[PDB]
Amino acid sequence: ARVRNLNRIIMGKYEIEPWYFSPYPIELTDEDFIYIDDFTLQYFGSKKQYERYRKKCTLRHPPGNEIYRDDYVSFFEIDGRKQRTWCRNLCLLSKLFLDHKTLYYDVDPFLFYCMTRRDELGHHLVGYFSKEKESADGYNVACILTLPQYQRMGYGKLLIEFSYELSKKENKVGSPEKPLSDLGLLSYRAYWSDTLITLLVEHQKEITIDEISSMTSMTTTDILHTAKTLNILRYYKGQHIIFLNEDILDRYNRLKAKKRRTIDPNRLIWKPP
């Protein structure tokens, strides 16, 4: 009698192996897989069951308001309390790739911003970031995730950039919840670096900390840490600034050479509560 662990989830054409254990309320059997509907995120122990529900009539995108939509991606804002089932399913899926995550069942305190890539086939959920409706620490991101099958394609940086656009619209600085996984912290460091580098080349050769936080919603701490790492911190005109140098120009051009997609602030149709 085999009592197997969840060793693989079948999502669309993808067969993904979890990185960590997730509390799916499922029976342990001699099989080690479950089906995850790529639209509803519902889990099924049998292909037949999955098929049975797949036929049902359902929307083909996350259950929320589309507050951003460009030719590349869309962002749906979902209130956990309004979509408990879907969001709980999202959290269970997310935990498979997180060392730790708050109780998956309690989604009410969160707002989920889910990003989809649109193809000739429609919407495809590629990642998301949750956010406390009320954060005592001012965290502008609780958890953030790019589904495994879509990682290392630039989606993570888009998720992060979007979280800062919300903060900017809210007229507040913000920073991701600590502690961050190594993957998460390294992604933020790259984003913060790319952001200061782009500002120095496209906005001004010299910029004060205040100006930076005002334009990016990045906190003083994340700005200083990033500036020190790049060796671009100085004192000019009576205050601390970051400055441009050949290294930064070089980095900027290399960044641009990758012709990466970015978020257009003008397409965010959203008003904070």
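All residue numbers refer to positions in the sequence shown, first residue = 1.
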task: Determine, for stretches 99-107 and 117-125, which one has the higher mean CA B-factor as deposited.
output: 117-125
- prompt: Going by the B-factors listed in the PDB entry, is the mean over the C-alpha atoms higher for 186-194 or for 136-144?
  reply: 136-144
- line: Per the deposited B-factor column, the C-alpha that peaks among 70, 66, 222, 51 belongs to 51
- prompt: What third of its chain, lowest, middle or highest, does the C-alpha temperature factor of residue 269 fall into?
  reply: middle
query: C-alpha B factor of residue 131, ranked within the chain: lowest, middle or highest third?
result: lowest
statement: In terms of its chain's C-alpha B-factors, the third that includes residue 41 is the middle
query: Within this chain, which third does the Cα B-factor at residue 12 fall in: lowest, middle or highest?
result: highest
task: Compare the C-alpha B factor of residue 232 with those of the other modelled residues in its chain, then answer lowest, middle or highest third.
output: middle
